[PDB]
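FYI, side chains are in, hydrogens and waters are out, and symmetry mates aren't considered; it's all heavy atoms of this structure. We count ligands from 1, going down the list as the structure has it; atoms in each ligand are counted the same way. In the text below, chain A, chain B and the rest are named by the order of the sequence lines, each starting its count at 1.
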Amino acid sequence: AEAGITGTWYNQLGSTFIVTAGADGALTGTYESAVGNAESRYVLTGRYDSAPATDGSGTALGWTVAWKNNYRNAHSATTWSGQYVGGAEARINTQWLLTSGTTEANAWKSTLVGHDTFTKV
Amino acid sequence: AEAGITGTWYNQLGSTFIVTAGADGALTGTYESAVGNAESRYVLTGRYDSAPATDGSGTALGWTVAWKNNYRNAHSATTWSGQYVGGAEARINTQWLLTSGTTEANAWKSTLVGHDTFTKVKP
Amino acid sequence: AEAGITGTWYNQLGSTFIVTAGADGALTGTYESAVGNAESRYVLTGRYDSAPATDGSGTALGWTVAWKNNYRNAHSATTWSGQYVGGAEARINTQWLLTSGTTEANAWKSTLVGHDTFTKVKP
Amino acid sequence: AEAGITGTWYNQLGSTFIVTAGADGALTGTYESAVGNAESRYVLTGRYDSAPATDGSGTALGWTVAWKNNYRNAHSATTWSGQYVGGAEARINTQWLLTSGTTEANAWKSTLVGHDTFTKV
Ligand SMILES: O=C(O)CCCC[C@@H]1SC[C@@H]2NC(=O)N[C@@H]21
Ligand SMILES: O=C(O)CCCC[C@@H]1SC[C@@H]2NC(=O)N[C@@H]21
Ligand SMILES: O=C(O)CCCC[C@@H]1SC[C@@H]2NC(=O)N[C@@H]21
Ligand SMILES: O=C(O)CCCC[C@@H]1SC[C@@H]2NC(=O)N[C@@H]21
Ligand SMILES: [Cl-]
Ligand SMILES: [Cl-]
């Protein structure tokens, strides 16, 4: 179920995700990406489902980062959807969608999809 | 888009999205889905990139809804990633990922993908 | 759907899809994209699940196009996964993944996702 | 570039992918999944781009499997889109879409998305 979601997590690209999970299902924190048109920290907000089921399943959650801060504005946003699994080795396994603002003409290629796995290691 | 995004929006399935965009790039609201293991409203939170470009580009944004409220708990969460295009007929075009909590064995089938188009209602 | 799928189809972007469905569940044809780093026709191959169900369910199918022909090489490939719904107005609703070849460092940005709806033309 | 794509590959679920790559860009073979409403082998057909670029990049490719054979018909099809990287440890990194045939009513939940990594180990 929910619990040790709060913390500093890192993914395979070396990005850093620092989050706080509130008792009612809210997620707040900052994100720093190791790749892309990004630099320093960005604000993130999400939600996680605070009453996961009791057949050892993961806890579903998701969050968003709009890539604008006081250093850069990449006119895009990424949303990560996945589930947390705690235990000896806790992991957050996600799939994400990165949409950039385009003109109608380029709207067909506005969205990248990928997957990231986060650990506190 | 903060004034332009704020409002009531509906999508092709008949689901309702009520949102407020804050000066800081924040999006907060409630979502009511016309389909699925959902009932009543659910809280949503997201962000939108406040200073787009001039030009006729869309404003990127995204939000999340964990499908748990006082009436139902579906143990899943959906994230919508898309762009807002304003105008007389403003629209928000998105693609979404719906992940259900699963055992490690069934994790390969935990995520659904789709796309929704939202139309804003007057006011 | 083998007779129903066989034909010329166009999607919202103005791209052409000419296909033949074989008794064995095979799909073979050519694709012409209205957008992207593409020119002329490209070969496509796919499969479709020949014995659907009775009922008013769609026929699942999917196909791939590697964007290389005698005129252009974009070093990318797109796969479309969707369902065929026949009737007077038959449609093929799909979601696709377009992967470009990259270095390991840029692999995180190698795949685009989208959705296309195709309309069959008479004959 | 292209080359040792032909062979028997296995993914993290233990599924087996046996493919033959033709000199003009065709891929043919069989697929056996370790999970899902599937059993025994299924026919697969795909394409790979036979002239990848010369900045050590992967070779883009994709293939499809309709899940019907003489044992089962799951009324679905999966398409894998990704790139091959050869070398000491060759890998095929993909993202896939699994669409099941549904009624219009259930069309919103007809497609699963996931990612698989294949090795010859
Ligand atoms: O380039 C941009 O548009 C802004 C930075 C995007 C970074 C992406 S989001 C998904 C992937 N996971 C990460 O940790 N960073 C990249
Ligand atoms: O069934 C669930 O797990 C919760 C309800 C999911 C409803 C989905 S979210 C994406 C799509 N868009 C909608 O408006 N409703 C469905
Ligand atoms: O630019 C490329 O790499 C090759 C052309 C890609 C065209 C894409 S495939 C999905 C979408 N549907 C179309 O008909 N065209 C675009
Ligand atoms: O259950 C079905 O509809 C048929 C079997 C699906 C097996 C899937 S395809 C993606 C993932 N990768 C595998 O090797 N098998 C599963
Ligand atoms: Cl606010
Ligand atoms: Cl044939």
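Using a 4.0 Å heavy-atom cutoff, A/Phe17 is absent from the residues neighbouring ligand 1.
Looking at atom 1 (O) of ligand 4, its nearest protein heavy atom turns out to be D/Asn37 N, 2.9 Å. Nearest protein neighbour of atom 9 (S) of ligand 1, counting heavy atoms only, is A/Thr78 OG1, 3.4 Å. When only non-hydrogen protein atoms are considered, atom 3 (O) of ligand 4 lies nearest to D/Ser76 OG, 3.1 Å. Of the protein's non-hydrogen atoms, D/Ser33 OG, 3.3 Å is the one closest to atom 7 (C) of ligand 4.
There is a side-chain donor-acceptor pair under 3.5 Å between D/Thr45 and C/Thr45. Defined by atom type and a distance below 3.5 Å, a donor-acceptor pair is present between the side-chain atoms of A/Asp116 and A/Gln12.
The one candidate from D/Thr30, D/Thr6, D/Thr28 that meets the side-chain contact (heavy atoms from CB on, under 4.5 Å) condition with D/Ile18 is D/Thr30.
Of all atoms in ligand 4, listed by their number and element, those nearer than 4.0 Å to a heavy atom of D/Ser15 are 13 (C), 14 (O), 15 (N). Residue-ligand proximity, D/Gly36 to ligand 4, at heavy-atom distances under 4.0 Å covers atoms 1 (O). Taking every non-hydrogen atom of D/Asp116 and a distance limit under 4.0 Å, the qualifying atoms of ligand 4 come out as 11 (C), 12 (N), 13 (C), 14 (O). Taking every heavy atom of D/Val35 and a limit of under 4.0 angstrom, the matching atoms of ligand 4 come to 5 (C), 7 (C), 15 (N), 16 (C).
Scanning both residues, A/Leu98 and A/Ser76, for their nearest heavy atoms gives CD2-CB, 3.6 Å. For the residue pair D/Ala38 and D/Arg72, the shortest heavy atom distance occurs at N-NH1, 3.8 Å.
Here C/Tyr31 and C/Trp96 keep their ring centres 6.0 angstrom or further from each other.
The shortest N/O to N/O separation between C/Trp108 and ligand 1 does not fall below 3.5 Å. Considering backbone and side-chain N/O atoms, D/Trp67 never comes within less than 3.5 Å of an N/O atom of ligand 4.
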ask   = Would B/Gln95 and A/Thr99 satisfy side chain to side chain donor-acceptor pair (under 3.5 Å), going step by step from the backbone distance to the final call?
value = CA-CA 9 Å; B/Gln95 289 194 266; A/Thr99 299; 6.0 Å; no

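Using bins of under 30°, 30° to 60° and over 60° for the plane-to-plane angle, the ring pair D/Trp63/D/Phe17 lands in the parallel bin.
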